Amino acid sequence: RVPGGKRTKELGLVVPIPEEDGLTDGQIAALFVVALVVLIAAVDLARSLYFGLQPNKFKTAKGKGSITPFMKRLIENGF
Amino acid sequence: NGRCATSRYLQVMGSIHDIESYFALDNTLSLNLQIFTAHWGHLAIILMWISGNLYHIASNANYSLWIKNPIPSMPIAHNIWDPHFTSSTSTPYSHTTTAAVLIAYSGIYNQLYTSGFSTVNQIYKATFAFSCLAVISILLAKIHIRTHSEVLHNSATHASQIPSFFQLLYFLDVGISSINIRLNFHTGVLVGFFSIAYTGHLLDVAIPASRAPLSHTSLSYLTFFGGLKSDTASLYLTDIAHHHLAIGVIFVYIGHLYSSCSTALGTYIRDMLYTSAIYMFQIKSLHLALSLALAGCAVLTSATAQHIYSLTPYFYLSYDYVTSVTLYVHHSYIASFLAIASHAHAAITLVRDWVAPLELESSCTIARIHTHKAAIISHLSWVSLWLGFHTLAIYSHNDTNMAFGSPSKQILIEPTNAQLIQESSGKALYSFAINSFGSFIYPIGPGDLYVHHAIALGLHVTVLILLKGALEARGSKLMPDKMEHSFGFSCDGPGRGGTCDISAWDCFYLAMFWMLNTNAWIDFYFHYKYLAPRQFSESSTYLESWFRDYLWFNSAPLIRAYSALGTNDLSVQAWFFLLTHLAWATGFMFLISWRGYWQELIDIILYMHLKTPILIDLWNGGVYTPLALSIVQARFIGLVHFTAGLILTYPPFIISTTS
Amino acid sequence: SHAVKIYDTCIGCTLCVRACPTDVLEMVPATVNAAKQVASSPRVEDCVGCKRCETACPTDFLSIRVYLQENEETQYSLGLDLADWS
Amino acid sequence: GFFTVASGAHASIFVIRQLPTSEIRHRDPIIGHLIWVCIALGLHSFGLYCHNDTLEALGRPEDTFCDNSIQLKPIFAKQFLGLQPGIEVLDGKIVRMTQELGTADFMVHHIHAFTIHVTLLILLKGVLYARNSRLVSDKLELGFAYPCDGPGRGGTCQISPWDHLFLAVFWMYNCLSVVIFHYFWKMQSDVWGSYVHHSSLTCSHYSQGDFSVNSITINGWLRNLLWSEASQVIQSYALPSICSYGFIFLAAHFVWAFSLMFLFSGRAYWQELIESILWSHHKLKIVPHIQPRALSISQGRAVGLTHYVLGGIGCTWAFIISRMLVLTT
Amino acid sequence: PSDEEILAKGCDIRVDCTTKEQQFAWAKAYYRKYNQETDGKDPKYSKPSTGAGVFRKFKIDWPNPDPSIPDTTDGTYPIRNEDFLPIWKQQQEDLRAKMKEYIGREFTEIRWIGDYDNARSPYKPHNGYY
Ligand code: CLA
Ligand code: CLA
Ligand code: CLA
Ligand code: CLA
Ligand code: CLA
Ligand SMILES: CCCCCCCCCCCCCCCCCC(=O)OC[C@H](CO[C@@H]1O[C@H](CO)[C@H](O)[C@H](O)[C@H]1O)OC(=O)CCCCCCCCCCCCCCCCC
Ligand SMILES: CC1=C(C#C/C(C)=C/C=C/C(C)=C/C=C/C=C(C)/C=C/C=C(C)/C=C/[C@@]23O[C@]2(C)C[C@@H](O)CC3(C)C)C(C)(C)C[C@H](O)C1
Ligand SMILES: CC1=C(/C=C/C(C)=C/C=C/C(C)=C/C=C/C=C(C)/C=C/C=C(C)/C=C/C2=C(C)CCCC2(C)C)C(C)(C)CCC1
Ligand SMILES: CC1=C(C/C=C(\C)CCC[C@H](C)CCC[C@H](C)CCCC(C)C)C(=O)c2ccccc2C1=O
Ligand SMILES: CC1=C(C/C=C(\C)CCC[C@H](C)CCC[C@H](C)CCCC(C)C)C(=O)c2ccccc2C1=O
Ligand code: SF4
Ligand code: SF4
Ligand code: SF4
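Protein chains in written order, with the entry's author numbering: chain m, 64 to 142; chain b, 4 to 438, 446 to 669; chain c, 76 to 161; chain a, 345 to 541, 556 to 687; chain y, 94 to 223.
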């Protein structure tokens, strides 16, 4: 390095550099696989946020909707 | 809507996240669900940021080598892969045959080292786990969207027999808008139990990692020493663990206060507020909740900014000359932003959330404040005027006398009150020791007194502007009917004498300049006293010392970074010093020159484009017809340029001077 | 487009109508005041938002109010000349 | 500069009060081409400086625009005096010396042209669009000095010839500051100084001839001209000669910063603050019957402009005069 | 000892290099080994071009060069119109002698605040008219 700091030059502070890179190609690939999973989930989340709630679902969607018993208890308790 | 101008993009981007303003966001249920999903996405972003920092430390950096010799070594942030750099010869950031690297000024190395990270494998495992946590956060967002959709479907499919079925309209967002249960679980589990868990982590991982000899975890790991261990120059890890244990126990106890899951136990926040001094307010108001959270976060961010520097909690953090200053300045700026944010959202609450009673009725705290807002503002103005007049006048007296060469003629008021408080604190600490604290007590002189009064002036004026905006947001003598208009509107016309900057958003715009000033004053004070304690003590009583011994003197390395002689590792800092100066100057344009001139100029440019031979036959100008930025849009853009330049031109200076 | 509203405090002096640059306003018969007329805003689609009516209003606080709506900007309210949205 | 912006102002006033000449009837092409030439000039001239900065920072001087690197020779800058070779000296000083033009002179001269053209653009737009425009068609009825026509039509701020001057003054001040800095640095580096012994003299210049090497970069201007040559004024407090100049430097900085108050803020905030303050006076029975009012919009602009220009000019004045006084004595 | 063996042994606070002096000795050895005082930029970019008397080297104004700029590239500037200075001195000395003879007496320094009678005044001199 060509240090430009007065304190660095005075005290001889150094930026030690390893001989070998910390992570290997396989480790970087695994991290990238996890990042890809994150990206897919994030795209799905962005789509959901963009489209918001769909109150029409009760007209065509399968099932009859459900409220968890704890959610019902919270509703009964109130705010 | 095909009929649109180029102002469409700016109008949209100014309210992209203003979910309350969204079209077809019918109800509070939609609002709350959207906000919850946005919160989940935000947590995912934070976790990805943590994972990226950890990954780059593990891969591009030298954590293993640094932990061997932390004092002289400098951590690496990440590699530089920039094609624009010179290829003929090695760059200042390389070892003449090595990848270019950047030093890290975030203290994350000290954080990991005192947390108990010994090998890059542990950092890699953390990178992986935080990425998994981001996945979990996004999936939880999706899960909750689905659950709330399933409740709407249910409510649609099932109906109570009596006509009161419409009452269920209010309880669909109970899970997101309930306050008692949220308070209980946040303060008990998210705070107290989190502290207890971190105590467990310390005892299991951090203490054995720091201690060379093995010793079984026991109460010996909990201690009440104080001050900094000499070897690491940081707070004893054993004390941090007890600290967090004590706070966790206290907050776990406090987390049983409200009735959360059953009505048999706990008290109600409505009931406390009703029976307390503050009559009651719209606790349901999301803007009010945001304001309170932002105020608390601002005070906590200021507290951490001061205390991380005062009492070093991280191994060898004090030895890092640059990282200390960077951390202090970073968290001071974040705290100032959060404070002004709380004020702005209180103003928005008043604009569009508070349900004011009839004029003569005075039952709520907000109405009582609005009764004498005039007195509040007048007294705040008086305090600001006094502070400014006398601070500036004493500084100018000292300036003139020093310029004439007579330091003995300077007015030097000894800080007797602060010195007495400091002496009492020192007496208590000395008694405790008889039964070291570095940077918790500082010499304190007349220069400190003057700088403290200047910072008080800054705070008082910022609060003056913000309070005036908040209390005139609903109405004003100049604009009585300000409730009908939006939070931020251009003006009210040149009539009534002229109505520039008449909105509560315009008061925020104005208070932003002050925040930046008062934060600049605070940062300059800290940096000057840090760089040159003796020179600051002797010479900080007149402003020429600040202008010469601090700025002009310490500006040399940065500007000399790259020149005709060559370049060094601060060349990037020197280029960002100038880029940010240019950004500030550009912001001046949007702040000074207003919209009519630019609209006419845009009209002329559009005429030229429509008269050009080839371009006219393709581009009509009908779609996204170019227009000059609106008044509020330009105010905001100029403010953004000003803020970016002001904030970003400092870190280069502090790094250059402290490195 | 902007929203131009008139309130009964109106005294029917016609100054707003005379100050209108694009003829958005017109006086209409009324019994609320002594002048027996009140300004109306039928052609609010042409209102540009200059607030010259507001400048010319005498009443203690304005009997005519122009609320700007930047989201609903039209070519008439923007005074577009070189480009046409019609 | 001041009298040129004045000429623009009174041209606008004449257009408002009297019938303009027929060149106003094709004003759109005129101002459009002036806008284009201003944009192109600014882009090229200032982006050469920015290119030099970026490349030099990256470590590639061979890629920058300078005499040693890619050079922009001023071919048209030709002599006409036909002087004899050498310089003229008088008692240890260089009374006269030829100025040698290179890439730095090319770049700075095109910066000068850019700034002059932008100031002219503002003045000419104010003059030609004084009577009416596409935005507002009754600007003649509005007059000469009005703040706006309203928030309408997007916003008609500073559409008046008065405001066009209010901006042209900023631009004239910018142009003249750059001209002053160019003259000062070039004279110090390449003309003025002393000499040390047909006889040949080695000329020791006050700035050491650093204009041709450092002026090619904005960082060079910031370091070798402002920071480096502000040593005299910044360190003038103890010295009997120039302590006043140092104090005026500081005070001019203060005044320039204080102008930003009026340049950024608006009338309504101050009117509301004044009313809130006046509440207390009325409470205590201090009733001023000349009711306090916030400064009008045009007055606020004028005050801001005056303080801005005065502060900048004072800083430059003190800096240059301190440097010259110390160097010559 | 020496930088080679210092770096071969290495530094580790955790195990042996518990001495700040040893730590900074190793740091200084590493600095000397791996750090350079300057980037090594070509000295030519630092040399002046205009006003240093070396303008002709760059050939900036080759087509129709300006005569006033010296052709020599050594960096020295000749004095323009050297030949006239002896002539000017001779002319001024000759004029001094001529006026001295014309007056007939030695030149007397004028007084900034003094008052002198006109040579043609009709009244008796108070202060010598010269
Ligand atoms: C022509 C000038 C130039 C250019 C084009 C670049 C380009 C680059 N430099 Mg830089 N650099 C320059 C000059 C330049 N440099 C100079 C003069 C120096 C000093 C000697 C440096 C010193 C330097 C260093 C030390 C480093 C770089 C790095 C980089 C790379 C950044 C990559 C990155 O993460 O981008 C991402 C960019 C951003 C996050 C900033 C975005 C900001 C804008 C305003 C957008 C904000 C987002 C907004 C929402 C809009 C999104 C729109 C989009 C979706 C379409 C890139 C190749 C870094 C590198 O190597 O990275 C691998 C790096 O470490 N440069
Ligand atoms: C823009 C916002 C911002 C930014 C950019 C930063 C930046 C920084 N802060 Mg932070 N900070 C902020 C706002 C911000 N802060 C605010 C508002 C506050 C007040 C609350 C703080 C309070 C604060 C403190 C008190 C400290 C920092 C520190 C730091 C550094 C980060 C260290 C790090 O990431 O270690 C990497 C992280 C780890 C190794 C572990 C993180 C552990 C957490 C708990 C992870 C999240 C838990 C997860 C969700 C749990 C899963 C669920 C399960 C339990 C069920 C850096 C300078 C530290 C510092 O200065 O270090 C020198 C520091 O001590 N900040
Ligand atoms: C801040 C002061 C405060 C005040 C004025 C009240 C007032 C009230 N609380 Mg209480 N409460 C408080 C704090 C407070 N609380 C705290 C901190 C908690 C969390 C532990 C609770 C949890 C709580 C519950 C769950 C309930 C109440 C209820 C009540 C009512 C009856 C009180 C009673 O009978 O006390 C007399 C009783 C005692 C003094 C015995 C208390 C013993 C336990 C262990 C708590 C003590 C904890 C201690 C202060 C902290 C230890 C710290 C650690 C370091 C050792 C009354 C309205 C009841 C009610 O009617 O609600 C509608 C109810 O159901 N409170
Ligand atoms: C679509 C855009 C968007 C995005 C990206 C976010 C992002 C965020 N919102 Mg949300 N929000 C949005 C829109 C959005 N919001 C809208 C439209 C509204 C309606 C007005 C809200 C209303 C809202 C509220 C009411 C709150 C948030 C909060 C948050 C945070 C979510 C959780 C988190 O990660 O906190 C990470 C935060 C931390 C790790 C810091 C924790 C410490 C807290 C903030 C301070 C606690 C202080 C305490 C009360 C008092 C201490 C006392 C002591 C000093 C003695 C995050 C910053 C919460 C927040 O933290 O606000 C500051 C919050 O309270 N938002
Ligand atoms: C440094 C501050 C600054 C800057 C950059 C500008 C820039 C400009 N002003 Mg000025 N202006 C300023 C301050 C500034 N102003 C202030 C404080 C005021 C208030 C008094 C004004 C008032 C004002 C008026 C009233 C007018 C101007 C005009 C102009 C334009 C001149 C012509 C042009 O664009 O050529 C030069 C452009 C530049 C130098 C901009 C930077 C270009 C760089 C070097 C190259 C870009 C490289 C690359 C493509 C970037 C990509 C980035 C991306 C990938 C992220 C230009 C946009 C005039 C105009 O618009 O005429 C057409 C005009 O009428 N200004
Ligand atoms: C980098 C460190 C240093 C710099 C730090 C950042 C700069 C400081 C912050 C700026 C200070 C103000 C902050 C407050 C923000 C809210 C204000 C607001 O909404 O009002 C901004 C207002 C909102 O708009 C107004 O709203 C009113 C209703 O209240 C009315 O409808 C008005 O007519 C309407 O104009 O004005 C605008 O519309 C502004 C135009 C915005 C144009 C931006 C488009 C370009 C974006 C590019 C950048 C990417 C953005 C994402 C960033 C990524 C970050 C991860
Ligand atoms: C279809 C069908 C049938 C069938 C069938 C049969 C027999 C199908 C067999 C399928 C078979 C045998 C499929 C193997 C997949 C292996 C995978 C995906 C491995 C990935 C491994 C990965 C992604 C690992 C990656 C890494 O971690 C590694 C290893 C190193 C780390 O550094 C990091 C990385 C990321 C680099 C029936 C049942 C007969 C009838 C039915 O009717 C129809
Ligand atoms: C390695 C490998 C592989 C793969 C690869 C790849 C293909 C990768 C990719 C990668 C990538 C490509 C990545 C990326 C990532 C990204 C991310 C991670 C991001 C995220 C985001 C977030 C988190 C956020 C978001 C948001 C926004 C910003 C706005 C709003 C909305 C939201 C919130 C959503 C394979 C399997 C073939 C084989 C084996 C190996
Ligand atoms: C310069 C300036 C302008 C003119 C500037 C304008 C119109 C913006 C210039 C456009 C910039 C260069 C960004 C355009 C870049 C690309 C065209 C982006 C297109 C991508 C879209 C899809 C978003 C104003 O309109 C104005 C209004 C009020 C006060 C001050 C000012 C002001 O200072
Ligand atoms: C501050 C400010 C005000 C408020 C400023 C006012 C009312 C000026 C006060 C005038 C005083 C009373 C004149 C007397 C002169 C000074 C008090 C002299 C001080 C001299 C010192 C050396 C002591 C506006 O009204 C305004 C309007 C439009 C745009 C910007 C602004 C603006 O910036
Ligand atoms: S258009 Fe501009 S100058 Fe005119 S009143 Fe509105 S904000 Fe003020
Ligand atoms: S709106 Fe105003 S000006 Fe028009 S008639 Fe009513 S009171 Fe008169
Ligand atoms: S704002 Fe202007 S155009 Fe609109 S009604 Fe009022 S006077 Fe007419």
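For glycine and all other residues, C-beta sits at the position ideal for the given N, C-alpha and C.
Ranked by Cα distance from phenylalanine 447/b, the first of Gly455/b, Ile454/b, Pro456/b and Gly429/b is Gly429/b.
For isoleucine 438/a, the enclosing beta strand (DSSP E) covers residues 438-440. Classified as exposed, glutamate 147/c has fewer than 16 neighbouring CB atoms from the shown chains inside 10 Å of its CB. Annotation: Cβ neighbours of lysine 134/y in chain a (cutoff 7 Å, chain order): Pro405. Taking 6 Å as the cut-off, one finds no heavy atom of ligand 7 near enough to the beta carbon of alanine 158/c. Residues of the stretch 62-83 of chain b with a Cβ closer than 9 Å to any Cβ of chain y, in chain order: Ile70, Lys71, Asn72, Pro73, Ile74, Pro75 and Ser76. Nearest neighbour of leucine 363/b by Cα position, chosen from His375/b, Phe39/b and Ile60/b, turns out to be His375/b. Assigned with DSSP and collapsed to three states, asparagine 564/b falls in helix.
Taken atom to atom, the span from the alpha-carbon of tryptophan 594/b to that of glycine 648/b is near 9 Å. Pairwise C-beta distances place the stretch 139-153 of chain b in contact with the stretch 34-45 of chain b, as three or more of them are shorter than 8 Å.
By a beta-carbon distance limit of 8 Å, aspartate 491/b contacts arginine 140/c. Their separation comes to about 7 Å. Ligand 10 approaches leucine 653/a closely enough that one of its heavy atoms is under 6 Å from the residue's Cβ. Here the C-alpha atom of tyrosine 603/a lies approximately 21 Å from the C-alpha atom of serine 550/b. Cβ proximity to chain c below 7 Å picks out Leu616, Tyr617, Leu620 and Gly631 from the stretch 615-631 of chain b. Each of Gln114/b, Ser339/b, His393/b and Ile106/b was checked against the Cα of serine 213/b, and the nearest Cα belongs to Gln114/b.
Within its own chain, the residues whose Cβ lies closer than 6 Å to the Cβ of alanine 80/b, once the five positions on either side in sequence are excluded, are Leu105 and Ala107, listed in chain order. Residues of the stretch 486-503 of chain a that bring their beta carbon within less than 8 Å of a beta carbon in chain c comprise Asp493, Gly494, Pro495, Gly496, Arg497, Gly498 and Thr500, in sequence order. What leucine 378/a touches in chain c, judged by beta-carbon distance under 7 Å, is nothing: the nearest beta carbon there is about 18 Å away.
Flagged as an interface residue toward chain c: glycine 503/b, by a C-beta distance shorter than 7 Å. The beta carbon of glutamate 587/a sits no closer than 7 Å to any beta carbon of chain y. Going by C-alpha positions, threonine 131/y is about 42 Å away from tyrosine 460/b. Counting along the chain, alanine 296/b sits inside the alpha helix (DSSP H) bounded by residues 289-313. Among the CB atoms of chain b, none fall inside 7 Å of the CB of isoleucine 679/a. Any Cβ of chain a closer than 7 Å to the Cβ of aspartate 176/y would place that residue at the interface, and such an atom is absent. When Cβ-Cβ separations below 7 Å define contact, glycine 430/a makes contact with chain y. For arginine 140/c, the enclosing beta strand (DSSP E) stretches over residues 139-142. DSSP places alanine 571/b in no alpha helix (DSSP H); its state is neither H nor E. Counting only heavy atoms of ligand 13, the residues whose C-beta sits closer than 6 Å to one of them are, along the chain, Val79/c, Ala94/c, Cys95/c, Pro96/c, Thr97/c, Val99/c, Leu100/c, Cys122/c, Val123/c, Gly124/c, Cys125/c, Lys126/c, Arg127/c, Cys128/c, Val141/c and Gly496/a.
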